[PDB]
């Protein structure tokens, strides 16, 4: 039922639970302590504001509203409760206020630290990390940030079932509703105070399917949120470390060699 829990150290991940990283790789997810001094306020503010007009709200948070009017970053899902902002690095440079930019950067830093820690533990040669991940390990992949608002007034599922497409996702949640497919059933992934949820995506699963401990990409969904006042709607925000939009990645062989190449576009294609 319950997830492994770790804290990020300078050297990697210190797991406080017995299953350690081995169990977390099988689970496709684990709990990660929010680092000391990390400020979640910008993300919570964005999730309460991004879908409202700039004129409708206080002046102090004007930079957090009006994302419906930007081009290519706001998405209203027609058959689900979620509406969201999905934005890459250059978009955040142009459209996020500095404190929000800093928090997203800190979350991507954590996600890259997780990626490096798992590559270390699986025995991937240090000199091939950049090649194998298309530079995502060094912060030169596509680094997506998502802010999700679950509109509980919609009589729909919260979020479609899916696997994340990239390597590592660092997710902030405060409410139940997230579920993971284990066996032929959905299992709840509930929030734990003082923790992020971390999950792995399809690119990490593709990279490692031949290793002694393959990384599983978590198949997950969000169940329909029960109706409640909008100011108390379920929200989440997350940073995703993905391969770059073009180029080859490389599957890792049993002896640590970066072996066969895999096309990022054929991968995204066969994904969806």
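Positions refer to the first chain, counted from 1.
A summary of the deposited B-factors shows that, of 248-256 and 19-27, the stretch with the larger mean C-alpha value is 248-256.
Looking at mean Cα B-factors across 64-72 and 219-227, the upper value is held by 64-72. You'll see in the entry that, of 197, 168, 160, 119, the Cα B factor peaks at 160. Note on 202, 134, 89, 191: the highest value goes to 191, judged by CA B factor as recorded. Ranked by C-alpha B-factor against the other modelled residues of its chain, residue 214 falls in the lowest third. Ranked by Cα temperature factor within the chain, residue 185 sits in the highest third according to the deposited record. Residue-level temperature factors show residue 174 in the lowest third of its chain, judged at the C-alpha atom. Ranked by C-alpha B-factor against the other modelled residues of its chain, residue 108 falls in the lowest third. Per the PDB record, residue ranking by Cα B-factor puts residue 57 in the highest third of the chain.
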